[PDB]
Amino acid sequence: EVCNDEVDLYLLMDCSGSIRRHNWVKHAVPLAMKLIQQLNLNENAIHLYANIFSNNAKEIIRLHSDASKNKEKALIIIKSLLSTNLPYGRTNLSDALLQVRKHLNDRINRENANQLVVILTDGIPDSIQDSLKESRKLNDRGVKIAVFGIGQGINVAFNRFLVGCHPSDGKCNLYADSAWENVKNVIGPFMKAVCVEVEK
Ligand SMILES: [Cl-]
Ligand SMILES: [Mg+2]
Ligand SMILES: [Mg+2]
């Protein structure tokens with residue numbers, strides 16, 4: 001797998017109404033699945049955490065749980081997102097990022113592990129101010145943030161700012177975007193690039 005190191009990886013998956021149900025089912029859920037396929041989930045390698053966020057953040061995979069460390073178990077849970085009332089609601093990224101910072105506050109994370117947040121989003125946060133404030137607090141605790149933007153509702157400058165890049169210029173290995181139909185072709189190269197940056 002292209003991601004293979006001691007990393008606590010916090011997947012924050014936008015489930016906002018803008019997505020549309022057909023895209024949630026045909027693209028968003030399969031994209032999260034393929035992303036997880038890029039990870040060596042293992043006690044001594046990657047441990048996954050996952051939440052969804054729209055109105056609020058909701059944990060779906062607990063950090064260090066069996067599904068955190070086992071790809072087949074993680075994929076069952078992600079697939080279970082199909083049998084829900086999702087997608088719906090707004091884009092409370094700051095609450096999603098807050099849940100990550102609560103793990104760090106409470107020392108739930110492996111202190112020895114690289115800390116990586118990966119955001120899948122099709123929009124702009126409802127509060128850029130609070131999202132950037134949370135992101136700074138995470139950065140101060142050593143957390144790297146990556147963003148995979150989808151569709152026409154994103155703001156590239158903001159996503160680039162969030163991950164620590166110049167908003168328009170130069171290579172930004174912690175950022176990629178894609179049209180809805182193409183997400184599964186962009187996610188592999190993205191996760192490869194992200195994991196190279198995390199290891200360096
Ligand atoms: Cl927000
Ligand atoms: Mg907030
Ligand atoms: Mg949206």
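Indexing begins at 1, ligand by ligand and atom by atom, following the structure's order. Note that the numbering runs from 1 along the sequence shown for the chain.
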Under the ring-ring contact (aromatic ring centres under 6.0 Å, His included) rule, collect the residues that match up with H27, sequence neighbours excluded.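 None.
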Excluding waters, how many protein N/O/S atoms sit closer than 2.8 Å to the Mg ion (ligand 2)?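 N, O or S atoms of the protein closer than 2.8 Å: 2.
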Quick one: do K26 and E181 make a salt bridge, cutoff under 4.0 Å?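 Here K26 does not pair with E181 in a salt bridge, since their nearest N and O are not under 4.0 Å apart.
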In the shown structure, where waters are left out, how many protein N, O or S atoms lie under 2.8 Å from the Mg ion (ligand 3)?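 Those protein atoms number 3 in total.
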Is the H103 ring parallel, tilted or perpendicular to the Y49 ring (thresholds 30°, 60°)?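 Perpendicular: the ring planes of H103 and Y49 meet at over 60°.
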Between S94 and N92, do the side chains contain a donor N or O and an acceptor N or O under 3.5 Å apart?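 A pair is found: one side chain offers a donor N or O, the other an acceptor, under 3.5 Å apart.
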Do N51 and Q99 have side-chain N/O donor and acceptor atoms under 3.5 Å apart?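 No.
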Pick from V117, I145, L138: which one makes a side-chain contact (heavy atoms from CB on, under 4.5 Å) with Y10?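 Answer to the side-chain contact (heavy atoms from CB on, under 4.5 Å) test with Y10 among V117, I145, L138: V117.
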Among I52, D126, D122, exactly one meets side-chain contact (heavy atoms from CB on, under 4.5 Å) together with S16. Which residue is that?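 Only match with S16 under side-chain contact (heavy atoms from CB on, under 4.5 Å): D122.
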Residues that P87 engages under side chain to side chain contact (heavy atoms under 4.5 Å, CB included), provided they are two or more places apart: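 Scan of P87 (side chain to side chain contact (heavy atoms under 4.5 Å, CB included), adjacent residues dropped) gives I19, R21, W24.
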I need the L39 CG to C195 SG distance, nearest 0.5 Å.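 Nearest 0.5 Å value for the CG-SG distance: 6.5 Å.
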